[PDB]
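Asks:
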Amino acid sequence: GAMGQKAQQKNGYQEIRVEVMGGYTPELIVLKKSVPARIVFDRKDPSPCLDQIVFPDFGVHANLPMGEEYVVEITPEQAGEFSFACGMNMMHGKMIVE
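Numbering (our numbering), first residue to last: 9 to 106.
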């Protein structure tokens, strides 16, 4: 039942809305390669483990505003299995670049 979510392809860039409520809604986000992609993190739950988000495969660390959405713009120049989480051995977020 662990199905992934495909991001929407816009005019030259991709976008995906990740509903943050007790965890990450889209367990695995699928995106293309060599294309600018933005991840929209909508904070619905004021969970402490969801206060900050860091991409260990991109080197991007940002904070999420409660009651609002924070977008992370990245450029996947390599095809493979990527991931995102908060802290270390916690949360669950995967990304697949074609």
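C-beta atoms are modelled at their ideal positions from N, C-alpha and C, and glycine is treated no differently.
#1: Using the DSSP secondary-structure output, state which residues sit across from residue 88 in a beta bridge.
#2: If distances are taken between C-alpha atoms only, which option among 52, 60, 16, 50 comes closest to residue 92?
#3: In angstroms with no decimal places, state the Cα-to-Cα distance between residue 97 and residue 9.
#4: Report the start-end ranges of each alpha helix (DSSP H) in the segment 52-86 that is 4 residues or longer and not cut off at the edges.
#5: On the criterion of 16 or more Cβ atoms from any shown chain inside 10 Å, does residue 45 qualify as buried, or is it exposed?
Replies: For this structure:
#1: 105
#2: 60
#3: 23 Å
#4: none
#5: buried
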